[PDB]
Amino acid sequence: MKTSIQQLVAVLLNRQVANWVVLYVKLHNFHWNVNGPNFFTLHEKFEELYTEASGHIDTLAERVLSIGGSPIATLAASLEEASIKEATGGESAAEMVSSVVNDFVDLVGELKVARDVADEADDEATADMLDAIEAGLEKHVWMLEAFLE
Amino acid sequence: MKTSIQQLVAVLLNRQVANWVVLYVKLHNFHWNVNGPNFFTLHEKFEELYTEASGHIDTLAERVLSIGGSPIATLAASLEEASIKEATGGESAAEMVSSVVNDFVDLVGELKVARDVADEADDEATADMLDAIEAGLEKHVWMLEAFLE
Amino acid sequence: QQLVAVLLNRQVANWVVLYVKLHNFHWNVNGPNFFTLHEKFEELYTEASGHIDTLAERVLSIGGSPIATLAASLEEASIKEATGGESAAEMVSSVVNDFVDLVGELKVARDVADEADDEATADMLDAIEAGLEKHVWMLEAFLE
Amino acid sequence: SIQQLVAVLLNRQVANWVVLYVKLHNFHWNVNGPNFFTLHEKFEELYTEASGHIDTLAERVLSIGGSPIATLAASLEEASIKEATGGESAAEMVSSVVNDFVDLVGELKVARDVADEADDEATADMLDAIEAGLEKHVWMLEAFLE
């Protein structure tokens with residue numbers, strides 16, 4: 001039934017499912033361990049971000065289902081496929097923000113590649129969803145970098 | 001300063017942090033892959049449950065912080081410490097419900113043990129939070145078992 | 001025939017019985033439709049709670065005294081209590097039977113209220129009746 | 001000797017609150033005098049809470065493997081609370097609720113102790129929440145009567 005050009009979309013989608021499953025916990029990590037004068041601001045920011053993460057996980061996985069694939073749905077598989085690394089446990093407040101900037105920047109690059117692949121498979125709906133996540137990350141990136149200046 | 005007995009509490013707490021981090025994804029798994037005539041009912045039930053899971057993760061981890069410990073905050077550590085297994089990927093709708101029943105039943109047992117340890121360390125606040133999770137699981141267990149009858 | 005207040009209290013008794021009967025079904029239902037029925041029965045006993053108050057207060061509004069004890073409710077109600085062993089389908093079927101009985105009783109009560117030129121009472125009874133007839137269609141469809 | 005089946009003690013309260021749901025309606029309906037509006041409202045607040053206790057108590061019974069009392073006949077049979085007489089004055093209604101709640105507080109303490117002994121802390125906690133609420137209502141209702 002499915003061809004390789006079609007299955008590559010579900011694979012690229014699951015790559016992001018894995019990334020966001022990792023980020024859901026990574027952002028919780030920062031939410032919990034951040035400290036210093038900006039504790040309240042960052043504690044809140046990180047909650048905002050993992051809440052968004054929770055939303056991406058569900059939309060991405062359900063888009064996979066909508067095109068006939070099976071979503072990554074275990075921590076083992078998420079760790080295996082994610083390009084995003086887990087927190088070290090010793091990040092300073094600034095390093096946490098800087099880490100999110102690095103991760104979001106990496107995701108923006110991956111999202112551009114995935115969209116191109118989706119577009120080539122004439123799967124515009126998938127490309128559009130990925131674009132919405134991308135646009136949001138680019139906005140977060142400007143704000144987080146401004147914070148670090 | 002916090003004593004040794006007060007620090008064993010953080011370990012038991014983190015055990016549940018790990019369990020719920022696993023369950024957050026396991027419940028998503030069931031939410032996504034369930035099928036059959038009860039699809040809509042279960043699709044909804046599992047969302048209700050992972051939403052609660054998300055709440056347990058944060059409360060448990062923050063209680064750890066409140067008593068001086070560091071919460072488990074990586075998928076690797078969660079998988080390592082959790083007593084809950086991940087989904088197989090091939091569960092039928094009934095096996096999914098049955099699986100949640102088994103997991104919740106296991107957690108109720110672990111929660112009773114953890115509360116006893118917290119009580120012995122004179123950490124009633126921890127015991128109380130654990131009790132609230134336990135009471136909720138016992139109620140879910142009755143409902144899920146009734147569904148299977 | 002009877003006092004409008006007497007016929008009203010008959011329904012007060014019926015709904016007091018039903019408030020607990022619906023709780024019974026809400027609690028004891030099981031099977032694949034557990035969540036759907038558990039929810040349906042709550043919707044129904046919540047409505048029951050509303051009927052109890054409106055009916056009793058209408059009694060007060062016309063000068064009577066409402067039935068307000070379980071003993072008197074059991075005594076005057078035409079609705080039987082649950083057996084305790086109903087299957088999910090029998091629970092739905094039981095509600096269908098009860099609502100059908102009430103629709104008949106509501107028609108009689110309204111006629112009596114109308115004859116006593118107590119249109120306000122007839123209208124309130126009619127609102128309960130209309131609701132039951134709608135529930136009856138749905139519950140029967142479920143059983144088909 | 002004393003009752004030790006947690007589900008049995010729970011059902012005793014299910015019966016009590018089923019009785020109270022109607023008793024409070026009785027007072028809600030029949031109260032009169034200058035404090036009619038205040039009490040008419042208070043009694044609604046209380047039977048609304050009664051409705052909540054009925055469901056939570058019965059479902060806790062189910063959660064521990066028992067079967068909840070779910071008929072008026074069984075409620076009347078097991079309840080320690082007596083139904084309204086029909087002729088209570090406004091003050092006697094308030095006084096009656098005070099007496100009933102005071103009785104329930106005593107029963108709730110006994111039930112909690114039994115639940116605690118059966119290592120059923122979840123049940124004890126739920127009972128405690130009802131108890132705490134009654135103790136607060138008792139202070140207010142007694143103040144009203146002073």
# chains A, B, ... in the order shown; residues from 1 in each chain; ligands from 1
>>> residues_around(residues="segment 32-40 of chain D", least_positions_apart="4", cutoff="9 Å", atoms="only C-alpha atoms", output="list in words")
residues 27, 28, 44, 45, 89, 90 and 94 of chain D
>>> select_by_dssp(residues="chain D", states="helix (DSSP H, G or I)", output="ChimeraX atom specification")
/D:6-30,36-63,72-78,90-117,121-145
>>> calpha_fit_rmsd(fixed="chain B", moving="chain A")
0.6 Å
>>> residues_around(residues="residue 32 of chain B", least_positions_apart="5", cutoff="10 Å", atoms="only C-alpha atoms", output="PyMOL selection string")
(chain A and resi 58+61-62+64-65+70-71+73) or (chain B and resi 26-27+39+42-43+46-47)
>>> interface_residues(of="chain B", to="chain D", cutoff="8 Å", atoms="only C-alpha atoms", output="number ranges by chain")
B: 131-132, 134-135, 138-139, 141-142
>>> interface_residues(of="chain C", to="chain D", cutoff="10 Å", atoms="only C-alpha atoms", output="number ranges by chain")
C: 16-28, 42, 46, 49, 52-53, 56-57, 59-60, 65-71, 73-74, 80-84
>>> atom_distance(atom1="atom CA of residue 88 of chain B", atom2="atom CA of residue 148 of chain B")
19.9 Å
>>> decode(residues="segment 73-109 of chain D", atoms="N, CA and C atoms", output="JSON list (two decimals), in the first residue's frame")
[["chain", "number", "residue", "atom", "x", "y", "z"],
["D", 73, "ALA", "N", -35.83, 1.94, 51.27],
["D", 73, "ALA", "CA", -36.14, 0.95, 52.30],
["D", 73, "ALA", "C", -34.90, 0.61, 53.12],
["D", 74, "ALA", "N", -33.80, 0.32, 52.43],
["D", 74, "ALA", "CA", -32.55, -0.01, 53.11],
["D", 74, "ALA", "C", -31.96, 1.20, 53.84],
["D", 75, "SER", "N", -32.17, 2.39, 53.29],
["D", 75, "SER", "CA", -31.66, 3.60, 53.92],
["D", 75, "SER", "C", -32.37, 3.83, 55.26],
["D", 76, "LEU", "N", -33.69, 3.71, 55.24],
["D", 76, "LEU", "CA", -34.49, 3.89, 56.44],
["D", 76, "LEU", "C", -34.11, 2.85, 57.49],
["D", 77, "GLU", "N", -33.84, 1.65, 57.01],
["D", 77, "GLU", "CA", -33.47, 0.54, 57.86],
["D", 77, "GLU", "C", -32.14, 0.72, 58.58],
["D", 78, "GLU", "N", -31.14, 1.24, 57.86],
["D", 78, "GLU", "CA", -29.81, 1.41, 58.44],
["D", 78, "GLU", "C", -29.48, 2.78, 59.03],
["D", 79, "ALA", "N", -30.19, 3.83, 58.60],
["D", 79, "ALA", "CA", -29.90, 5.18, 59.09],
["D", 79, "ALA", "C", -30.15, 5.35, 60.59],
["D", 80, "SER", "N", -29.29, 6.15, 61.23],
["D", 80, "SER", "CA", -29.43, 6.45, 62.65],
["D", 80, "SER", "C", -30.12, 7.80, 62.75],
["D", 81, "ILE", "N", -30.25, 8.48, 61.61],
["D", 81, "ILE", "CA", -30.91, 9.78, 61.54],
["D", 81, "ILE", "C", -32.42, 9.61, 61.38],
["D", 82, "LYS", "N", -33.21, 10.35, 62.16],
["D", 82, "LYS", "CA", -34.66, 10.24, 62.03],
["D", 82, "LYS", "C", -35.23, 11.28, 61.06],
["D", 83, "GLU", "N", -36.31, 10.92, 60.39],
["D", 83, "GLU", "CA", -36.94, 11.80, 59.43],
["D", 83, "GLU", "C", -37.65, 12.93, 60.15],
["D", 84, "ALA", "N", -37.90, 14.03, 59.44],
["D", 84, "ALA", "CA", -38.57, 15.18, 60.03],
["D", 84, "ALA", "C", -39.97, 14.81, 60.48],
["D", 85, "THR", "N", -40.50, 15.54, 61.45],
["D", 85, "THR", "CA", -41.84, 15.26, 61.98],
["D", 85, "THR", "C", -42.88, 15.94, 61.10],
["D", 86, "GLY", "N", -42.50, 17.06, 60.50],
["D", 86, "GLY", "CA", -43.41, 17.79, 59.65],
["D", 86, "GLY", "C", -43.89, 19.07, 60.32],
["D", 87, "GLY", "N", -43.76, 19.14, 61.65],
["D", 87, "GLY", "CA", -44.22, 20.32, 62.37],
["D", 87, "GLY", "C", -43.12, 21.16, 63.02],
["D", 88, "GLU", "N", -41.86, 20.97, 62.62],
["D", 88, "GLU", "CA", -40.78, 21.73, 63.23],
["D", 88, "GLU", "C", -40.85, 23.22, 62.96],
["D", 89, "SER", "N", -40.57, 24.01, 63.99],
["D", 89, "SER", "CA", -40.56, 25.46, 63.85],
["D", 89, "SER", "C", -39.20, 25.75, 63.22],
["D", 90, "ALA", "N", -38.99, 26.96, 62.74],
["D", 90, "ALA", "CA", -37.72, 27.32, 62.12],
["D", 90, "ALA", "C", -36.55, 27.02, 63.04],
["D", 91, "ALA", "N", -36.67, 27.41, 64.31],
["D", 91, "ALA", "CA", -35.60, 27.18, 65.27],
["D", 91, "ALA", "C", -35.38, 25.68, 65.54],
["D", 92, "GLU", "N", -36.47, 24.92, 65.58],
["D", 92, "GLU", "CA", -36.35, 23.49, 65.81],
["D", 92, "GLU", "C", -35.69, 22.80, 64.62],
["D", 93, "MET", "N", -35.87, 23.36, 63.43],
["D", 93, "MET", "CA", -35.24, 22.80, 62.23],
["D", 93, "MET", "C", -33.72, 22.96, 62.36],
["D", 94, "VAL", "N", -33.29, 24.18, 62.67],
["D", 94, "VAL", "CA", -31.87, 24.45, 62.84],
["D", 94, "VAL", "C", -31.31, 23.57, 63.96],
["D", 95, "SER", "N", -32.03, 23.52, 65.07],
["D", 95, "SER", "CA", -31.63, 22.73, 66.22],
["D", 95, "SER", "C", -31.54, 21.25, 65.84],
["D", 96, "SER", "N", -32.45, 20.80, 64.97],
["D", 96, "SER", "CA", -32.46, 19.42, 64.53],
["D", 96, "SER", "C", -31.22, 19.10, 63.68],
["D", 97, "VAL", "N", -30.83, 20.03, 62.82],
["D", 97, "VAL", "CA", -29.66, 19.82, 61.99],
["D", 97, "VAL", "C", -28.43, 19.79, 62.88],
["D", 98, "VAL", "N", -28.43, 20.62, 63.92],
["D", 98, "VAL", "CA", -27.31, 20.64, 64.85],
["D", 98, "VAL", "C", -27.21, 19.27, 65.52],
["D", 99, "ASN", "N", -28.33, 18.75, 65.99],
["D", 99, "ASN", "CA", -28.34, 17.44, 66.64],
["D", 99, "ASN", "C", -27.86, 16.35, 65.68],
["D", 100, "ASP", "N", -28.39, 16.35, 64.46],
["D", 100, "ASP", "CA", -28.01, 15.34, 63.48],
["D", 100, "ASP", "C", -26.52, 15.42, 63.14],
["D", 101, "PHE", "N", -26.03, 16.61, 62.83],
["D", 101, "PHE", "CA", -24.62, 16.77, 62.49],
["D", 101, "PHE", "C", -23.73, 16.36, 63.65],
["D", 102, "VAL", "N", -24.16, 16.66, 64.87],
["D", 102, "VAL", "CA", -23.37, 16.30, 66.04],
["D", 102, "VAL", "C", -23.30, 14.77, 66.15],
["D", 103, "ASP", "N", -24.42, 14.11, 65.86],
["D", 103, "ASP", "CA", -24.46, 12.66, 65.91],
["D", 103, "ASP", "C", -23.52, 12.10, 64.84],
["D", 104, "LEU", "N", -23.60, 12.65, 63.63],
["D", 104, "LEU", "CA", -22.75, 12.21, 62.53],
["D", 104, "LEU", "C", -21.27, 12.39, 62.81],
["D", 105, "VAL", "N", -20.91, 13.49, 63.47],
["D", 105, "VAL", "CA", -19.51, 13.73, 63.80],
["D", 105, "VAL", "C", -19.01, 12.58, 64.67],
["D", 106, "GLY", "N", -19.83, 12.18, 65.63],
["D", 106, "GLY", "CA", -19.46, 11.09, 66.51],
["D", 106, "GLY", "C", -19.30, 9.80, 65.73],
["D", 107, "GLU", "N", -20.24, 9.53, 64.83],
["D", 107, "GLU", "CA", -20.19, 8.31, 64.03],
["D", 107, "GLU", "C", -19.01, 8.34, 63.06],
["D", 108, "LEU", "N", -18.70, 9.52, 62.53],
["D", 108, "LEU", "CA", -17.60, 9.65, 61.60],
["D", 108, "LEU", "C", -16.26, 9.36, 62.29],
["D", 109, "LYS", "N", -16.13, 9.77, 63.55],
["D", 109, "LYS", "CA", -14.91, 9.50, 64.30],
["D", 109, "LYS", "C", -14.73, 7.99, 64.47]]
